[PDB]
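> What follows is a structure written as structure tokens; I'll ask about it next.
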Amino acid sequence: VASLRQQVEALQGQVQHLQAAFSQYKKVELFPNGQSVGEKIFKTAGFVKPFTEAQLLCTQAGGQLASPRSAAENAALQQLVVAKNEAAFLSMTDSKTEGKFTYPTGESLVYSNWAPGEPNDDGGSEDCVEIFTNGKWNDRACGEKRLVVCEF
Amino acid sequence: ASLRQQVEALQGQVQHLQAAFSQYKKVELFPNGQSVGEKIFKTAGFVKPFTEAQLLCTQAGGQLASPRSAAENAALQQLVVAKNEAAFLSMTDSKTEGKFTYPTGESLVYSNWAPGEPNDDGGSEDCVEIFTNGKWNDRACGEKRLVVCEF
Amino acid sequence: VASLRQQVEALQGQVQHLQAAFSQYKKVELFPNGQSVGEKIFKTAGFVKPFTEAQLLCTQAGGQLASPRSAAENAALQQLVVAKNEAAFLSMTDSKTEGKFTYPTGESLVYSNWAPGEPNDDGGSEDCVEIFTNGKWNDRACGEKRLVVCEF
Ligand SMILES: OC[C@H]1O[C@H](O)[C@@H](O)[C@@H](O)[C@@H]1O
Ligand SMILES: OC[C@H]1O[C@H](O)[C@@H](O)[C@@H](O)[C@@H]1O
Ligand SMILES: OC[C@H]1O[C@H](O)[C@@H](O)[C@@H](O)[C@@H]1O
Ligand SMILES: [Ca+2]
Ligand SMILES: [Ca+2]
Ligand SMILES: [Ca+2]
Ligand SMILES: [Ca+2]
Ligand SMILES: [Ca+2]
Ligand SMILES: [Ca+2]
Ligand SMILES: [Ca+2]
Ligand SMILES: [Ca+2]
Ligand SMILES: [Ca+2]
Ligand SMILES: [Ca+2]
């Protein structure tokens, strides 16, 4: 009772100090290659890779390629693209059904920010998606190399 | 009694978090960070002009490196030495020439000026850079220097 | 009692939040320069340095140069070497007694993965160890510059 109470007050002090230390370290971690938005975190590897290799890096790391599902998420991702000045690959593709872009899960897009005229499947072989420094999207060949950005 | 059990369970979970966190703090700081007291300095690894550098730090939830003691200055110096690139500090005398202040407007509580500095060379040096030897020199804000933020 | 009960529930909520937030943060931290194996974490600095310099960097960081003690640890370390496509230095040397490799403490090796014919003290001057992209080890001159990888 009395012992338990003070034991609770003591443990909470420890937990709140931990919350403070963690919050500080989270900010430190995100600088300068990450961006937090909502409960999602985007982080770039700082280099470019073809889609398949980029996808594998994110999955092996316990996440997946950047999948902006709102204007806010797209804006956060855009910050990293602008910072590295390198267009990045998104996770979505229309490899299964041409013209129908989906997330790795197979779910259809719930948000899109296609540049005017896109997606055009240029050359009849653009099944991956890249995001430019202006935040707009363009379908591009999966074999091209683009900035690797994962979401966790 | 049920609460007693819950408390003992929480103690074990907290001990685990503390141990795991302790390890990750060391991992995080390697190789671009420095912890001194309750402050953490971290470099972006590249150079930028003052305004750009300042914005990067502020948007990241911190501010440009602002050593307030010899200890903090020495810690910051370690990053500068490691990257072999002089860095910008947060302080400027842009408001009133000759009076350097922190982004808040507060006057300096510590400084490590090289002899003869600040000298407002060319009548246009309102920013501050820190050398690999830890000394400070006022320099043009337009120059590009290592970006180091504090959190 | 009743109050203590409400506070314990609040504390429980705080700890659960931290467990979830910390787990996410760990994945973010490790991407793309770290590898977790068991209770050990390997992290590369992303650049090369001669042995002495690399060794000092790790020690000052509160850790030490990569010291794989099992096939599992060696495989984890190998992932970073492959990722950076740069051979890395291990912590072990035979500087004290030629022909006898030891950890920084002085203890004899508990595991090794030498390439065929190694260690061979080529030129009578190889007292350090490098790990290749294939995971095998080779003794090499300590003055050479190799990928810096520390363990924490
Ligand atoms: O290089 C491919 C690229 O070429 C142009 O920029 C446009 O036609 C794009 O739609 C297309 O993706
Ligand atoms: O250090 C002497 C002098 O050298 C250059 O002119 C600049 O770096 C000045 O800021 C400095 O004051
Ligand atoms: O042929 C093997 C031999 O090649 C070179 O001489 C060096 O890399 C040596 O360390 C290695 O033992
Ligand atoms: Ca980190
Ligand atoms: Ca197609
Ligand atoms: Ca297509
Ligand atoms: Ca296109
Ligand atoms: Ca002035
Ligand atoms: Ca001035
Ligand atoms: Ca000057
Ligand atoms: Ca020898
Ligand atoms: Ca030898
Ligand atoms: Ca050899």
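Identifiers for the structure tokens are assigned positionally: chains receive A, B, ... in sequence, residues are indexed from 1 per chain, and ligands are indexed from 1 in the order shown.
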Counting only C-alpha atoms, which residues of chain C come no farther than 9 Å from chain A, as a list in words?
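On the chain C side, the interface is residues 1, 4, 7, 8, 11, 14, 15, 18, 22, 24, 25, 27, 28, 29, 30, 31, 32 and 33 of chain C.
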> Please check which protein, DNA or RNA residues sit within 10 Å of ligand 6, counting only C-alpha atoms and all ligand atoms, and write them as a list in words.
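The distance check yields residues 93, 94, 95, 96, 97, 98, 99, 100, 101, 119, 120, 121, 122, 123, 124, 125, 126, 127, 128, 129, 139, 140, 141 and 142 of chain A.
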> What is the atom CA of residue 112 of chain A to atom CA of residue 143 of chain A distance in Å?
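Going from atom CA of residue 112 of chain A over to atom CA of residue 143 of chain A covers 21.9 Å.
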> Tell me which protein, DNA and RNA residues are within 8 Å of residue 65 of chain A, counting only C-alpha atoms, leaving out same-chain ones fewer than 3 positions away, and put them as a PyMOL selection string.
chain A and resi 54-55+58-59+89-91+148-151
> Grab the atom CA of residue 46 of chain B to atom CA of residue 85 of chain B distance for me, in Å with one decimal place.
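Between atom CA of residue 46 of chain B and atom CA of residue 85 of chain B the gap is 8.9 Å.
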> Write out as a PyMOL selection string all residues of chain A that backbone DSSP assigns to alpha helix (DSSP H).
chain A and resi 2-30+51-60+71-84
> Contacts of segment 93-103 of chain B at 10 Å or less, counting only C-alpha atoms, minus same-chain residues fewer than 4 places along, as a ChimeraX atom specification?
/B:54,63-64,66,89,107-109,111,118-120,123-128,138,141
> Would you mind exporting the chosen residues as an mmCIF file, in the first residue's frame, restricted to N, CA, C and O atoms?

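Ended up saving to part.cif:
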data_model
loop_
_atom_site.group_PDB
_atom_site.id
_atom_site.type_symbol
_atom_site.label_atom_id
_atom_site.label_comp_id
_atom_site.auth_asym_id
_atom_site.auth_seq_id
_atom_site.Cartn_x
_atom_site.Cartn_y
_atom_site.Cartn_z
ATOM 1 N N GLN B 54 21.025 26.967 -40.417
ATOM 2 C CA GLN B 54 20.138 27.338 -39.328
ATOM 3 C C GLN B 54 18.752 26.726 -39.517
ATOM 4 O O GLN B 54 18.168 26.194 -38.577
ATOM 5 N N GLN B 63 18.766 23.438 -32.871
ATOM 6 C CA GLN B 63 19.314 24.723 -33.290
ATOM 7 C C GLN B 63 20.791 24.532 -33.573
ATOM 8 O O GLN B 63 21.365 23.507 -33.211
ATOM 9 N N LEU B 64 21.403 25.499 -34.246
ATOM 10 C CA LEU B 64 22.820 25.386 -34.554
ATOM 11 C C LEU B 64 23.628 25.257 -33.273
ATOM 12 O O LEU B 64 23.228 25.763 -32.224
ATOM 13 N N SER B 66 25.624 25.622 -30.134
ATOM 14 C CA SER B 66 25.772 26.792 -29.273
ATOM 15 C C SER B 66 26.512 26.424 -27.992
ATOM 16 O O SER B 66 25.910 26.329 -26.926
ATOM 17 N N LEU B 89 28.449 28.273 -35.769
ATOM 18 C CA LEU B 89 27.837 28.249 -34.454
ATOM 19 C C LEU B 89 26.514 28.980 -34.690
ATOM 20 O O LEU B 89 26.283 29.509 -35.778
ATOM 21 N N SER B 107 22.828 37.437 -24.591
ATOM 22 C CA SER B 107 24.252 37.673 -24.819
ATOM 23 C C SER B 107 25.025 36.398 -24.494
ATOM 24 O O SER B 107 24.560 35.567 -23.720
ATOM 25 N N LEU B 108 26.211 36.247 -25.081
ATOM 26 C CA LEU B 108 27.024 35.052 -24.854
ATOM 27 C C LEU B 108 27.432 34.845 -23.398
ATOM 28 O O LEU B 108 27.777 35.801 -22.697
ATOM 29 N N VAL B 109 27.393 33.591 -22.949
ATOM 30 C CA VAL B 109 27.790 33.253 -21.584
ATOM 31 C C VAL B 109 29.157 32.575 -21.622
ATOM 32 O O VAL B 109 29.751 32.277 -20.586
ATOM 33 N N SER B 111 32.722 32.136 -24.655
ATOM 34 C CA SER B 111 33.298 32.386 -25.972
ATOM 35 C C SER B 111 34.725 31.856 -25.983
ATOM 36 O O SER B 111 35.347 31.717 -24.934
ATOM 37 N N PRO B 118 36.416 38.823 -32.407
ATOM 38 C CA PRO B 118 35.922 39.055 -33.772
ATOM 39 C C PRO B 118 36.447 40.378 -34.330
ATOM 40 O O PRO B 118 36.588 41.355 -33.591
ATOM 41 N N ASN B 119 36.726 40.411 -35.631
ATOM 42 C CA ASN B 119 37.257 41.621 -36.252
ATOM 43 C C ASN B 119 36.390 42.208 -37.364
ATOM 44 O O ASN B 119 36.769 43.202 -37.983
ATOM 45 N N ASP B 120 35.229 41.600 -37.602
ATOM 46 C CA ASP B 120 34.304 42.061 -38.644
ATOM 47 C C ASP B 120 35.082 42.417 -39.911
ATOM 48 O O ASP B 120 34.933 43.514 -40.465
ATOM 49 N N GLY B 123 34.179 44.462 -42.935
ATOM 50 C CA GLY B 123 32.955 45.055 -42.430
ATOM 51 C C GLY B 123 31.750 44.189 -42.747
ATOM 52 O O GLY B 123 30.631 44.688 -42.847
ATOM 53 N N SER B 124 31.967 42.884 -42.879
ATOM 54 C CA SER B 124 30.869 41.995 -43.232
ATOM 55 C C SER B 124 30.930 40.582 -42.666
ATOM 56 O O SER B 124 30.640 39.621 -43.376
ATOM 57 N N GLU B 125 31.307 40.449 -41.399
ATOM 58 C CA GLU B 125 31.359 39.130 -40.771
ATOM 59 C C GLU B 125 30.448 39.146 -39.556
ATOM 60 O O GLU B 125 30.805 39.681 -38.504
ATOM 61 N N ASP B 126 29.262 38.560 -39.697
ATOM 62 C CA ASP B 126 28.314 38.542 -38.594
ATOM 63 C C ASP B 126 28.011 37.143 -38.068
ATOM 64 O O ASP B 126 27.207 36.985 -37.152
ATOM 65 N N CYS B 127 28.651 36.134 -38.649
ATOM 66 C CA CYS B 127 28.455 34.759 -38.203
ATOM 67 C C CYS B 127 29.736 34.258 -37.536
ATOM 68 O O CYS B 127 30.765 34.931 -37.582
ATOM 69 N N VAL B 128 29.668 33.095 -36.897
ATOM 70 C CA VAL B 128 30.830 32.548 -36.200
ATOM 71 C C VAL B 128 31.150 31.120 -36.619
ATOM 72 O O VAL B 128 30.257 30.283 -36.726
ATOM 73 N N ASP B 138 34.866 35.206 -36.355
ATOM 74 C CA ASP B 138 33.664 35.675 -37.017
ATOM 75 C C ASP B 138 33.967 35.582 -38.505
ATOM 76 O O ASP B 138 35.095 35.838 -38.944
ATOM 77 N N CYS B 141 28.474 35.172 -43.239
ATOM 78 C CA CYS B 141 27.406 34.187 -43.158
ATOM 79 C C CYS B 141 27.163 33.464 -44.479
ATOM 80 O O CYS B 141 26.584 32.377 -44.500
#
> Among chain C, which residues does DSSP mark as strand (DSSP E) when it is run on the backbone? Keep the chain and numbering as in the structure and answer as a ChimeraX atom specification.
/C:34-37,40-50,64-65,88-89,128-131,137-140,145-151
> Can you list, as a list in words, every protein, DNA or RNA residue that comes within 8 Å of residue 77 of chain B when you count only C-alpha atoms, leaving out same-chain residues fewer than 2 positions away?
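Once the nearby chain positions are removed, what remains is residues 73, 74, 75, 79, 80, 81, 130, 131, 132, 133 and 134 of chain B.
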> Need to verify the contact set: segment 33-37 of chain B, 8 Å, only C-alpha atoms, exclusion of same-chain residues closer than 5 positions in sequence. Can you return it as a ChimeraX atom specification?
/B:28,42-43,71-72,75-76,78-79
> The selected residues should be written to file as an mmCIF file, in the first residue's frame (atoms: C-alpha atoms).

data_model
loop_
_atom_site.group_PDB
_atom_site.id
_atom_site.type_symbol
_atom_site.label_atom_id
_atom_site.label_comp_id
_atom_site.auth_asym_id
_atom_site.auth_seq_id
_atom_site.Cartn_x
_atom_site.Cartn_y
_atom_site.Cartn_z
ATOM 1 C CA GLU B 28 23.161 6.497 -32.340
ATOM 2 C CA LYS B 42 25.171 16.053 -34.176
ATOM 3 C CA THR B 43 26.612 16.851 -37.577
ATOM 4 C CA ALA B 71 33.288 21.349 -21.981
ATOM 5 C CA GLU B 72 30.620 21.805 -24.643
ATOM 6 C CA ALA B 75 32.864 18.198 -27.436
ATOM 7 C CA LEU B 76 31.839 20.201 -30.493
ATOM 8 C CA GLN B 78 35.697 16.655 -31.612
ATOM 9 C CA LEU B 79 33.138 16.537 -34.432
#
> Specify as a ChimeraX atom specification all residues of chain B found within 12 Å of chain A, counting only C-alpha atoms.
/B:1-22,24-30,32-35,38-46,48,52-53,55-63,147-151
> Take the residues just selected and output them with C-alpha atoms as a tab-separated table (two decimals), in the first residue's frame.

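Saved file again.tsv follows:
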chain	number	residue	atom	x	y	z
B	1	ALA	CA	-2.16	-7.88	-4.44
B	2	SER	CA	-3.11	-7.81	-8.12
B	3	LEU	CA	-1.62	-4.32	-8.30
B	4	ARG	CA	1.49	-5.61	-6.54
B	5	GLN	CA	1.96	-8.12	-9.35
B	6	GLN	CA	1.48	-5.42	-11.98
B	7	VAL	CA	4.10	-3.18	-10.36
B	8	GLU	CA	6.70	-5.95	-10.27
B	9	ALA	CA	5.93	-6.69	-13.92
B	10	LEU	CA	6.41	-3.03	-14.83
B	11	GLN	CA	9.75	-2.90	-13.02
B	12	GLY	CA	11.04	-5.72	-15.21
B	13	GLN	CA	9.79	-4.07	-18.39
B	14	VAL	CA	11.35	-0.76	-17.38
B	15	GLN	CA	14.69	-2.40	-16.59
B	16	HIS	CA	14.66	-3.95	-20.06
B	17	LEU	CA	13.90	-0.63	-21.75
B	18	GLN	CA	16.62	1.15	-19.79
B	19	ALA	CA	19.24	-1.42	-20.74
B	20	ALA	CA	18.22	-1.54	-24.40
B	21	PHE	CA	18.06	2.26	-24.58
B	22	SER	CA	21.49	2.64	-23.01
B	24	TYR	CA	21.13	2.35	-28.57
B	25	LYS	CA	22.31	5.74	-27.32
B	26	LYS	CA	25.92	4.72	-27.96
B	27	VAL	CA	24.98	3.29	-31.34
B	28	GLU	CA	23.16	6.50	-32.34
B	29	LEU	CA	26.06	8.83	-31.51
B	30	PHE	CA	28.49	6.81	-33.63
B	32	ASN	CA	28.35	11.80	-36.08
B	33	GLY	CA	27.28	12.74	-32.57
B	34	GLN	CA	28.70	13.92	-29.26
B	35	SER	CA	27.00	13.85	-25.88
B	38	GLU	CA	22.37	16.92	-21.17
B	39	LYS	CA	23.21	18.31	-24.62
B	40	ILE	CA	23.81	16.38	-27.84
B	41	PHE	CA	25.69	17.80	-30.84
B	42	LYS	CA	25.17	16.05	-34.18
B	43	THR	CA	26.61	16.85	-37.58
B	44	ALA	CA	24.83	16.39	-40.90
B	45	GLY	CA	28.21	15.65	-42.44
B	46	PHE	CA	28.01	18.35	-45.11
B	48	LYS	CA	25.92	24.86	-46.01
B	52	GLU	CA	20.43	27.12	-44.81
B	53	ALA	CA	22.24	25.49	-41.88
B	55	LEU	CA	16.92	26.25	-41.03
B	56	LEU	CA	17.97	22.59	-41.12
B	57	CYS	CA	18.55	22.57	-37.36
B	58	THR	CA	15.40	24.49	-36.43
B	59	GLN	CA	13.14	22.32	-38.60
B	60	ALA	CA	14.74	19.24	-37.04
B	61	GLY	CA	13.65	20.48	-33.62
B	62	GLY	CA	17.02	21.79	-32.51
B	63	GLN	CA	19.31	24.72	-33.29
B	147	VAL	CA	26.36	21.87	-40.28
B	148	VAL	CA	26.23	20.84	-36.62
B	149	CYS	CA	23.02	21.04	-34.60
B	150	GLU	CA	22.41	20.66	-30.89
B	151	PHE	CA	19.49	18.82	-29.31
> Figure out the distance between atom CA of residue 64 of chain A and atom 1 (Ca, counted along the ligand's line) of ligand 5, please, to one decimal in Å.
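For atom 1 (Ca, counted along the ligand's line) of ligand 5 relative to atom CA of residue 64 of chain A, the distance reads 21.5 Å.
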> Excluding same-chain residues fewer than 6 positions from residue 68 of chain C, what lies within 8 Å of it counting only C-alpha atoms, as a ChimeraX atom specification?
/C:74,77,90,111
